[PDB]
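A quick write-up on the structure given underneath.
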Amino acid sequence: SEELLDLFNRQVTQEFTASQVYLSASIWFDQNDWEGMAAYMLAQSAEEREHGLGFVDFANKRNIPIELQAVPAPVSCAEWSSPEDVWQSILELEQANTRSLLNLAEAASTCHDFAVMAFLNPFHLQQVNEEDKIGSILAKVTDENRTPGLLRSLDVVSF
Amino acid sequence: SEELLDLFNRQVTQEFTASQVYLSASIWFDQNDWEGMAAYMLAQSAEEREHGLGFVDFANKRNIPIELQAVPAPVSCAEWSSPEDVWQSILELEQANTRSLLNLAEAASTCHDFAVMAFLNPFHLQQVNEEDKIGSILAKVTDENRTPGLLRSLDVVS
Amino acid sequence: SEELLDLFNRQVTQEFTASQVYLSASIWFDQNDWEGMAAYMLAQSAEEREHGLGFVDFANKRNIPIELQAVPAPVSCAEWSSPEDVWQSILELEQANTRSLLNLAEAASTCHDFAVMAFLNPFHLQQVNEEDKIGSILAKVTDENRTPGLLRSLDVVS
Amino acid sequence: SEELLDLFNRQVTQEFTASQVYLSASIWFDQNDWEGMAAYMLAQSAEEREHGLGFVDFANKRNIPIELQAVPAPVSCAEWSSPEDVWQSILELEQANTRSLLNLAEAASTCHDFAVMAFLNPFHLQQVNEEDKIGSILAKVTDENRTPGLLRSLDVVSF
Amino acid sequence: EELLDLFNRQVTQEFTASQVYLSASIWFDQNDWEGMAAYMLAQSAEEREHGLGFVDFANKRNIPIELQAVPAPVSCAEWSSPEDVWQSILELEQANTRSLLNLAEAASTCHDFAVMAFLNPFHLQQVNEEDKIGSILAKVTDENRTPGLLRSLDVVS
Amino acid sequence: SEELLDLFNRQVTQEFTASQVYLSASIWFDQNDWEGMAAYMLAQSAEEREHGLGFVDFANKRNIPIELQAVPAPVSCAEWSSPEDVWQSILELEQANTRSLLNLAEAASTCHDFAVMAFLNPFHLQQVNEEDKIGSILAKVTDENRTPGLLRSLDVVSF
Ligand SMILES: [Fe+3]
Ligand SMILES: [Fe+3]
Ligand SMILES: [Fe+3]
Ligand SMILES: [Fe+3]
Ligand SMILES: [Fe+3]
Ligand SMILES: [Fe+3]
Ligand SMILES: [Fe+3]
Ligand SMILES: [Fe+3]
Ligand SMILES: [Fe+3]
Ligand SMILES: [Fe+3]
Ligand SMILES: [Fe+3]
Ligand SMILES: [Fe+3]
Ligand SMILES: [Fe+3]
Ligand SMILES: [Fe+3]
Ligand SMILES: [Fe+3]
Ligand SMILES: [Fe+3]
Ligand SMILES: [Fe+3]
Ligand SMILES: [Fe+3]
Ligand SMILES: [Fe+3]
Ligand SMILES: [Fe+3]
Ligand SMILES: [Fe+3]
Ligand SMILES: [Fe+3]
Ligand SMILES: [Fe+3]
Ligand SMILES: [Fe+3]
């Protein structure tokens with residue numbers, strides 16, 4: 001189960017990578033005066049960190065060694081020029097979180113590690129809800145930004 | 001020094017000038033049926049007057065003589081044509097409030113006037129917040145006013 | 001009527017002028033350690049500004065164009081040398097406020113402007129109350145100040 | 001740093017010295033039946049002690065060595081004959097507290113000691129207020145004492 | 001601009017410190033020091049909040065922020081007792097303090113009164129933090145002179 | 001009686017001296033990270049100052065003229081090297097406060113000063129309690145310090 005222990009360790013890196021990418025989106029939104037979208041992103045940055053800390057806590061309890069890796073620099077911000085660019089990157093980010101969790105669950109399954117598979121269940125369900133929510137926001141964003149100025153009313157109203 | 005006392009007095013005039021220019025903006029907004037923006041400007045007129053009163057109160061305590069100057073007539077209101085023009089003038093007003101506080105702080109720093117520097121700290125931080133907030137409103141106004149009527153939404157909501 | 005529009009604008013100037021004169025007074029009092037009288041002047045400074053704002057609000061609703069004028073530098077504080085002098089100048093200030101209101105009401109009457117006359121009624125009555133209160137304070141200040149120190153012992157009616 | 005550490009110690013001394021001088025003034029007032037002015041001085045004695053204690057606490061946290069110095073016998077009370085003499089000595093005392101703080105800040109500024117400067121900020125503003133208040137009381141006392149017996153009104157009604 | 005660079009660097013420093021505290025909580029947990037682990041975990045949260053505060057002020061003040069990589073913590077590999085961990089944490093807070101002071105010096109040279117004012121509560125916070133960490137290190141060092149006695153500090157937390 | 005006046009004044013000096021010495025103990029404890037013992041000594045510093053204030057207040061009422069003397073610099077902290085040293089010095093301090101109260105009572109008894117004797121009664125009983133309590137803590141400190149680290153473990157708990 002060297003694969004399982006390694007992937008578990010890497011899941012913590014992935015969640016924290018996502019936290020930093022959300023924070024990067026917050027920053028872009030704030031610098032561009034989308035304070036409502038920036039607040040959503042900031043909240044999600046905290047939530048991803050909490051997912052990471054969940055993995056760490058479970059690993060400690062289950063004697064899965066955790067070695068904390070570099071958290072990479074977010075790079076998508078270099079290329080964002082509209083809110084749609086940001087939300088699309090966040091959709092991609094959540095799809096990558098989901099795939100990383102399914103890979104982990106597959107190694108757990110192969111190992112017959114019932115405890116890990118149980119631990120992961122609510123995370124699988126959470127990612128379903130998160131991808132749906134982000135996809136829905138992206139669809140709204142994309143539609144509203146067909147008329148100049150209109151997407152500014154999503155920011156002020158929702159968020 | 002002379003410079004320090006002169007600048008402290010002029011800060012009072014600056015806050016009260018800002019108060020009057022905010023009042024002028026509320027009037028333009030009101031006459032043009034932007035009651036939301038008018039109410040915000042009116043609230044800011046009151047706030048700038050409280051900043052001036054703050055400086056007057058400190059000056060009295062610290063024995064800095066205050067002589068109240070004329071508060072000039074607001075000038076920008078004659079040439080405003082849209083809410084974007086108002087908001088841009090208000091941003092510039094806040095930037096001038098900020099520069100004036102920084103010049104005051106400089107003069108206090110030169111005199112080693114630690115009490116004045118301490119008194120000014122929250123005003124420096126308030127200005128950061130105010131410039132950010134006004135700059136953000138201005139960006140929103142500029143963006144929404146690209147579609148006829150849409151800005152009239154900002155007003156009625158927020 | 002040009003006369004009624006002009007006078008309505010002048011009333012705003014007069015209220016704000018009064019606001020600054022009261023502030024000047026609070027300053028004189030505070031610098032001379034009359035903290036109770038200073039607080040009273042500060043409160044009256046706020047109240048005059050509220051009158052001005054009420055005029056501006058009504059003008060906006062009634063489509064009377066307001067152009068904000070310079071608010072002049074208070075000058076009586078160069079001559080004040082006792083509390084009596086300050087209160088006397090405050091009395092004369094309120095008498096001028098009352099006169100400008102009466103002149104406005106006169107123009108409104110001439111024009112048969114019933115709404116303006118109704119709007120002014122509470123201000124006419126308020127001026128009765130204010131001239132009465134300030135007059136009574138002045139008489140008390142004048143009487144107490146006939147014994148050294150005695151006036152001080154009643155600013156501590158803070 | 002020699003001078004900064006010396007001045008920081010001396011500040012504790014100055015606050016406790018002021019505490020003692022205010023106590024002396026409470027004594028003089030009490031003995032002369034100014035119980036209101038006496039209670040005020042006694043409150044100020046406690047307040048100055050609190051300032052000194054705040055300096056001691058900060059010094060402990062910041063590893064600034066404190067050695068407590070003698071608190072000298074107050075000597076102004078030997079010469080006070082009227083309430084006016086006492087309040088003038090108390091004004092001068094506060095003026096000396098203020099000067100001492102400004103000297104300490106100057107030494108902190110020279111050392112680029114940003115933490116000490118920040119700690120001092122509320123003390124700088126407190127001194128403005130105290131000098132103002134003591135200054136105002138002195139003017140009232142000097143005015144009211146121009147009529148025999150009138151100053152006993154300040155004591156009883158106020159205070 | 002040395003000031004803009006140093007302001008960016010402060011965000012990185014705080015997040016670095018967040019990770020290092022997380023690494024400490026891990027070492028403590030794995031070695032059954034649950035009380036000390038809880039403390040480090042709370043301090044990890046706190047460092048991240050400091051970093052967030054600098055990002056927020058920078059956004060308001062138009063100081064461009066670009067998030068850097070958060071380096072992996074390195075000290076855990078060599079910790080062998082609680083004393084080692086708390087020593088590393090004291091050092092970490094000393095570095096936090098030094099970086100804040102460097103930032104304040106750059107701000108001072110630029111006459112940037114707003115940045116200097118914003119940093120004031122952080123300078124005071126560092127004083128309290130280095131004091132508290134110092135004091136814990138001292139207790140830990142003392143109590144660990146008797147086999148098993150340090151487990152008492154933990155369980156009374 | 002000049003002796004009674006002199007002893008009454010010396011009592012004030014002794015209480016204030018005790019206040020400073022307790023403060024010095026708070027500082028040595030704080031510097032050496034004994035925060036609990038430091039808090040205790042700080043509280044006792046305030047209590048001693050209150051005793052002094054109670055003596056000043058009684059003296060003013062009874063027309064016993066008080067002249068504040070110098071409060072000497074505490075010097076025992078230069079030689080304290082363990083908590084036992086500090087607590088031993090505090091026991092000796094309380095024993096000196098008791099002796100000065102007994103000397104004052106003796107002088108009041110000689111003068112048949114019934115009011116001063118009555119005034120002193122609560123302080124005589126308070127000293128019994130204080131010497132008992134300090135003696136008991138000193139015993140505990142002395143015993144616990146026989147095992148490396150054990151004393152620390154109880155600063156943390158007690159106090
Ligand atoms: Fe923002
Ligand atoms: Fe959650
Ligand atoms: Fe996640
Ligand atoms: Fe997620
Ligand atoms: Fe309207
Ligand atoms: Fe302002
Ligand atoms: Fe402003
Ligand atoms: Fe005042
Ligand atoms: Fe009103
Ligand atoms: Fe009026
Ligand atoms: Fe009036
Ligand atoms: Fe008495
Ligand atoms: Fe206090
Ligand atoms: Fe206080
Ligand atoms: Fe003080
Ligand atoms: Fe003081
Ligand atoms: Fe555990
Ligand atoms: Fe930090
Ligand atoms: Fe920290
Ligand atoms: Fe401590
Ligand atoms: Fe007590
Ligand atoms: Fe007691
Ligand atoms: Fe005692
Ligand atoms: Fe005692």
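We label chains A, B, ... in the order they appear in the structure tokens, count residues from 1 in each chain, and number ligands from 1 in the order shown.
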
- Near-stretch 37-40 of chain C list (8 Å; only C-alpha atoms; drop same-chain fewer than 4 positions) as a ChimeraX atom specification: /C:25-30,44,155,158

Any chance you could dump chain D, least-squares fitted to chain F on all C-alpha atoms in order, as a CSV table (one decimal) with C-alpha atoms, in the first residue's frame?
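To be explicit, this is the file written out as result_22.csv:
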```csv
chain,number,residue,atom,x,y,z
D,1,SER,CA,3.5,61.2,70.8
D,2,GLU,CA,6.7,61.9,68.8
D,3,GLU,CA,7.3,58.2,68.5
D,4,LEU,CA,3.8,57.1,67.8
D,5,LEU,CA,3.6,59.7,64.9
D,6,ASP,CA,7.0,58.6,63.6
D,7,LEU,CA,6.0,54.9,63.6
D,8,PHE,CA,2.7,55.6,62.0
D,9,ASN,CA,4.6,57.4,59.1
D,10,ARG,CA,7.1,54.7,58.9
D,11,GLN,CA,4.3,52.1,58.5
D,12,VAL,CA,3.2,53.8,55.3
D,13,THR,CA,6.8,53.6,54.1
D,14,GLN,CA,7.0,49.9,55.0
D,15,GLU,CA,3.8,49.0,53.2
D,16,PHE,CA,4.9,50.8,50.0
D,17,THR,CA,8.4,49.3,50.3
D,18,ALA,CA,6.7,45.9,50.4
D,19,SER,CA,4.6,46.8,47.4
D,20,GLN,CA,7.8,47.6,45.5
D,21,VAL,CA,9.6,44.4,46.7
D,22,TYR,CA,6.6,42.3,45.5
D,23,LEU,CA,6.8,44.1,42.2
D,24,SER,CA,10.4,43.2,41.9
D,25,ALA,CA,9.6,39.6,42.6
D,26,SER,CA,6.9,39.6,39.9
D,27,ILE,CA,9.6,40.9,37.5
D,28,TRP,CA,12.1,38.2,38.4
D,29,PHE,CA,9.4,35.5,38.0
D,30,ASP,CA,8.2,36.9,34.7
D,31,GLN,CA,11.7,37.1,33.3
D,32,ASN,CA,12.2,33.5,34.3
D,33,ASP,CA,8.9,32.3,32.9
D,34,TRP,CA,7.0,31.7,36.1
D,35,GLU,CA,3.9,33.6,35.0
D,36,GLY,CA,1.7,32.1,37.7
D,37,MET,CA,4.1,33.1,40.5
D,38,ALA,CA,4.5,36.5,38.7
D,39,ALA,CA,0.7,37.2,38.8
D,40,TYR,CA,0.5,36.3,42.4
D,41,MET,CA,3.3,38.7,43.4
D,42,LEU,CA,1.7,41.4,41.3
D,43,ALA,CA,-1.6,41.0,43.2
D,44,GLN,CA,0.3,41.2,46.5
D,45,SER,CA,2.1,44.4,45.2
D,46,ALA,CA,-1.4,46.0,44.8
D,47,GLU,CA,-2.5,44.6,48.2
D,48,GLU,CA,0.4,46.2,50.0
D,49,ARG,CA,-0.2,49.4,48.3
D,50,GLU,CA,-3.8,49.2,49.6
D,51,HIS,CA,-2.5,48.7,53.1
D,52,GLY,CA,-0.4,51.8,52.9
D,53,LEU,CA,-3.3,53.8,51.5
D,54,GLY,CA,-5.5,52.7,54.5
D,55,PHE,CA,-2.8,54.0,56.8
D,56,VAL,CA,-2.6,57.3,55.0
D,57,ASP,CA,-6.5,57.6,55.1
D,58,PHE,CA,-6.6,56.9,58.8
D,59,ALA,CA,-3.8,59.3,59.5
D,60,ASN,CA,-5.6,62.1,57.6
D,61,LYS,CA,-8.8,61.5,59.6
D,62,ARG,CA,-7.0,61.4,62.9
D,63,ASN,CA,-4.7,64.4,62.1
D,64,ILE,CA,-1.6,62.4,62.2
D,65,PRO,CA,0.8,64.3,59.8
D,66,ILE,CA,2.0,62.1,57.0
D,67,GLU,CA,5.1,63.0,55.0
D,68,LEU,CA,5.7,60.4,52.3
D,69,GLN,CA,9.3,59.0,52.3
D,70,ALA,CA,11.4,57.7,49.5
D,71,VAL,CA,10.6,54.2,48.5
D,72,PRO,CA,14.1,52.6,48.3
D,73,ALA,CA,15.3,50.6,45.2
D,74,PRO,CA,14.6,46.9,45.9
D,75,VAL,CA,17.9,45.0,46.1
D,76,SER,CA,17.0,41.3,46.9
D,77,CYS,CA,16.4,40.6,43.1
D,78,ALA,CA,20.2,41.1,42.4
D,79,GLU,CA,20.7,37.9,44.3
D,80,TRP,CA,17.7,35.6,43.6
D,81,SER,CA,18.6,32.5,41.5
D,82,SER,CA,15.6,30.2,42.1
D,83,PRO,CA,11.9,30.6,43.1
D,84,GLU,CA,12.9,29.4,46.5
D,85,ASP,CA,15.2,32.4,47.1
D,86,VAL,CA,12.3,34.8,46.0
D,87,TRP,CA,9.7,33.2,48.3
D,88,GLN,CA,12.1,33.3,51.2
D,89,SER,CA,12.7,37.0,50.7
D,90,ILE,CA,8.9,37.5,50.5
D,91,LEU,CA,8.4,35.6,53.8
D,92,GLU,CA,11.0,37.8,55.5
D,93,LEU,CA,9.3,40.9,54.0
D,94,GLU,CA,6.0,39.9,55.6
D,95,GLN,CA,7.8,39.1,58.8
D,96,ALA,CA,9.1,42.7,58.8
D,97,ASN,CA,5.7,44.1,58.0
D,98,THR,CA,4.4,42.2,61.1
D,99,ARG,CA,7.1,43.4,63.3
D,100,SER,CA,6.6,47.0,62.2
D,101,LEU,CA,2.9,46.7,63.0
D,102,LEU,CA,3.6,45.2,66.5
D,103,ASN,CA,6.0,48.1,67.3
D,104,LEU,CA,3.4,50.6,66.2
D,105,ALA,CA,0.8,48.9,68.5
D,106,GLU,CA,3.3,48.9,71.3
D,107,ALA,CA,3.8,52.7,70.9
D,108,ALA,CA,0.0,53.1,70.7
D,109,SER,CA,-0.5,51.0,73.9
D,110,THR,CA,2.1,53.1,75.8
D,111,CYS,CA,0.2,56.3,74.7
D,112,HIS,CA,-3.1,54.7,75.6
D,113,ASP,CA,-4.2,55.4,72.0
D,114,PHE,CA,-7.2,53.1,71.9
D,115,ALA,CA,-8.3,54.3,68.5
D,116,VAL,CA,-5.0,53.5,66.9
D,117,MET,CA,-5.0,50.1,68.6
D,118,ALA,CA,-8.4,49.3,67.3
D,119,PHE,CA,-7.5,50.4,63.8
D,120,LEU,CA,-4.5,48.1,63.9
D,121,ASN,CA,-6.4,45.0,65.0
D,122,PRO,CA,-7.5,43.8,61.6
D,123,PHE,CA,-3.9,44.3,60.3
D,124,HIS,CA,-2.5,42.1,63.1
D,125,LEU,CA,-4.9,39.3,62.1
D,126,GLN,CA,-4.2,39.8,58.4
D,127,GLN,CA,-0.5,39.4,59.0
D,128,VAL,CA,-1.1,36.1,60.8
D,129,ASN,CA,-2.9,34.9,57.7
D,130,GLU,CA,-0.3,36.2,55.3
D,131,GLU,CA,2.7,34.8,57.1
D,132,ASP,CA,0.8,31.4,57.2
D,133,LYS,CA,0.0,31.4,53.6
D,134,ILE,CA,3.5,32.6,52.4
D,135,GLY,CA,5.0,30.1,54.8
D,136,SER,CA,3.0,27.3,53.3
D,137,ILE,CA,3.8,28.3,49.7
D,138,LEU,CA,7.5,28.3,50.6
D,139,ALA,CA,7.3,24.8,52.0
D,140,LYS,CA,5.6,23.6,48.8
D,141,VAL,CA,8.1,25.3,46.6
D,142,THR,CA,11.1,23.9,48.6
D,143,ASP,CA,9.6,20.3,48.5
D,144,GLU,CA,8.6,20.3,44.8
D,145,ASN,CA,11.9,21.8,43.7
D,146,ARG,CA,13.6,18.6,44.8
D,147,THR,CA,12.7,16.9,41.5
D,148,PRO,CA,13.7,18.6,38.2
D,149,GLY,CA,10.9,20.3,36.4
D,150,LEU,CA,8.3,19.4,39.0
D,151,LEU,CA,8.0,23.0,40.4
D,152,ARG,CA,6.7,24.1,36.9
D,153,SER,CA,3.5,22.2,38.0
D,154,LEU,CA,2.8,24.5,40.9
D,155,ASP,CA,3.1,27.4,38.5
D,156,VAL,CA,0.7,26.3,35.8
D,157,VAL,CA,-1.9,24.1,37.6
D,158,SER,CA,-2.1,26.3,40.7
D,159,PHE,CA,-1.5,30.1,40.3
```

- Computed after least-squares fitting of chain B to chain C on all C-alpha atoms in order, what is the RMSD in Å? 0.5 Å

- Query: Residues at most 12 Å from residue C:135, counting only C-alpha atoms, excluding those fewer than 3 positions away in the same chain, as an NGL selection string?
  - Reply: :C and (84 or 87-95 or 127-132 or 138-142)

- Message: 9 Å from ligand 9 is the threshold here; counting only C-alpha atoms and all ligand atoms, which polymer residues fall inside it? Answer as a PyMOL selection string.
- Response: chain C and resi 44+46-51

- At a cut-off of 12 Å, list the chain B residues touching chain E, using only C-alpha atoms, as a ChimeraX atom specification. /B:98-99,101-110,117-136

- Could the residues that lie within 7 Å of ligand 5, counting only C-alpha atoms and all ligand atoms, be listed as a list in words? residues 30, 33 and 35 of chain B; 60 and 61 of chain C

- Suppose you want the space between atom CA of residue E:143 and atom CA of residue E:44; what is it in Å? 25.1 Å

Name the residues, by chain letter and number, that sit within 12 Å of ligand 18 using only C-alpha atoms and all ligand atoms, and give them as a PDB file with C-alpha atoms, in the first residue's frame.
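Done, and the output landed in pocket06.pdb:
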```
ATOM      1  CA  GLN E  10       5.279  39.135   3.816  1.00  0.00           C
ATOM      2  CA  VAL E  11       2.302  37.219   2.485  1.00  0.00           C
ATOM      3  CA  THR E  12       4.595  34.321   1.596  1.00  0.00           C
ATOM      4  CA  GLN E  13       6.282  34.486   5.005  1.00  0.00           C
ATOM      5  CA  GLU E  14       3.003  34.265   6.876  1.00  0.00           C
ATOM      6  CA  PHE E  15       1.776  31.310   4.765  1.00  0.00           C
ATOM      7  CA  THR E  16       5.211  29.669   5.208  1.00  0.00           C
ATOM      8  CA  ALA E  17       4.759  30.022   8.984  1.00  0.00           C
ATOM      9  CA  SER E  18       1.246  28.592   8.656  1.00  0.00           C
ATOM     10  CA  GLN E  19       2.671  25.474   7.059  1.00  0.00           C
ATOM     11  CA  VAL E  20       5.467  25.134   9.554  1.00  0.00           C
ATOM     12  CA  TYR E  21       2.916  25.219  12.420  1.00  0.00           C
ATOM     13  CA  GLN E  43      -1.422  28.949  15.376  1.00  0.00           C
ATOM     14  CA  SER E  44      -1.391  27.608  11.747  1.00  0.00           C
ATOM     15  CA  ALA E  45      -4.846  29.142  11.334  1.00  0.00           C
ATOM     16  CA  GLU E  46      -3.681  32.396  12.864  1.00  0.00           C
ATOM     17  CA  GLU E  47      -0.668  32.742  10.518  1.00  0.00           C
ATOM     18  CA  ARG E  48      -2.895  32.223   7.558  1.00  0.00           C
ATOM     19  CA  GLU E  49      -5.155  34.993   8.854  1.00  0.00           C
ATOM     20  CA  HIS E  50      -2.122  37.323   9.069  1.00  0.00           C
ATOM     21  CA  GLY E  51      -1.290  36.525   5.443  1.00  0.00           C
ATOM     22  CA  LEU E  52      -4.914  37.117   4.458  1.00  0.00           C
ATOM     23  CA  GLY E  53      -4.831  40.536   6.216  1.00  0.00           C
ATOM     24  CA  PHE E  54      -1.808  41.579   4.219  1.00  0.00           C
ATOM     25  CA  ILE E  89       8.696  27.567  16.295  1.00  0.00           C
ATOM     26  CA  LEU E  90      10.453  30.313  18.328  1.00  0.00           C
ATOM     27  CA  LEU E  92      10.034  30.921  12.990  1.00  0.00           C
ATOM     28  CA  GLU E  93       8.354  33.728  14.943  1.00  0.00           C
ATOM     29  CA  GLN E  94      11.683  35.548  15.200  1.00  0.00           C
ATOM     30  CA  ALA E  95      11.867  35.421  11.394  1.00  0.00           C
ATOM     31  CA  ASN E  96       8.278  36.668  11.108  1.00  0.00           C
ATOM     32  CA  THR E  97       9.258  39.604  13.375  1.00  0.00           C
ATOM     33  CA  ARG E  98      12.430  40.359  11.370  1.00  0.00           C
ATOM     34  CA  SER E  99      10.530  40.379   8.067  1.00  0.00           C
ATOM     35  CA  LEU E 100       7.892  42.793   9.548  1.00  0.00           C
ATOM     36  CA  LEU E 119       1.924  47.260  10.585  1.00  0.00           C
ATOM     37  CA  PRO E 121      -0.677  45.929  15.581  1.00  0.00           C
ATOM     38  CA  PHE E 122       1.467  43.282  13.926  1.00  0.00           C
ATOM     39  CA  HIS E 123       4.651  44.589  15.543  1.00  0.00           C
ATOM     40  CA  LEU E 124       2.838  44.369  18.940  1.00  0.00           C
ATOM     41  CA  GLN E 125       1.411  41.053  18.172  1.00  0.00           C
ATOM     42  CA  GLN E 126       4.937  39.653  17.446  1.00  0.00           C
ATOM     43  CA  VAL E 127       6.117  40.879  20.870  1.00  0.00           C
ATOM     44  CA  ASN E 128       3.315  38.940  22.571  1.00  0.00           C
ATOM     45  CA  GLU E 129       3.880  35.903  20.359  1.00  0.00           C
ATOM     46  CA  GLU E 130       7.641  35.641  20.927  1.00  0.00           C
TER      47      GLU E 130
END
```

- as number ranges by chain, list the residues of stretch 36-156 of chain D assigned to helix (DSSP H, G or I) by DSSP on the backbone atoms of this structure. D: 36-61, 76-78, 83-110, 114-144, 151-156

- What does the distance from atom CA of residue E:69 to atom CA of residue E:110 come to in Å, to one decimal? 27.8 Å

- Record the distance separating atom 1 (Fe, counted along the ligand's line) of ligand 7 and atom CA of residue B:86, expressed in Å with one decimal. 14.6 Å

Using only C-alpha atoms and all ligand atoms, which residues have at least one atom no more than 7 Å from ligand 17? Output them as a compact mmCIF listing (two decimals) with N, CA, C and O atoms, in the first residue's frame.
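New file result.txt:
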```txt
# COMPACT_ATOMS: atom_id res chain seq x y z
N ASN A 60 -3.14 11.12 10.44
CA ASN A 60 -2.53 11.02 11.75
C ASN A 60 -3.19 9.87 12.52
O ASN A 60 -2.54 8.98 13.11
N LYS A 61 -4.50 9.83 12.45
CA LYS A 61 -5.23 8.82 13.26
C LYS A 61 -4.99 7.45 12.70
O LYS A 61 -4.91 6.50 13.46
N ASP E 29 1.00 15.29 16.98
CA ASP E 29 -0.04 14.27 16.91
C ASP E 29 0.49 12.85 16.74
O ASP E 29 0.10 11.92 17.45
N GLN E 30 1.42 12.70 15.82
CA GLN E 30 2.01 11.42 15.58
C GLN E 30 2.72 10.90 16.79
O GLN E 30 2.94 9.72 16.89
N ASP E 32 1.78 11.63 19.98
CA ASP E 32 0.77 11.59 21.01
C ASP E 32 0.83 12.73 21.99
O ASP E 32 0.49 12.57 23.17
N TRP E 33 1.24 13.90 21.49
CA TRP E 33 1.15 15.16 22.21
C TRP E 33 -0.07 15.93 21.71
O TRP E 33 0.08 16.92 20.97
N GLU E 34 -1.27 15.52 22.09
CA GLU E 34 -2.50 16.13 21.50
C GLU E 34 -2.73 17.54 21.88
O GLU E 34 -3.25 18.29 21.07
```

- Item | Which of B:55, B:34, B:16, B:114 sits closest to chain D [using only C-alpha atoms] | B:114

- Message: I need the chain C residues near chain B as a PyMOL selection string; criterion: at most 10 Å, counting only C-alpha atoms.
- Response: chain C and resi 16-17+20-21+23-24+26-33+42+46+49+53+56-57+59-75+77-78
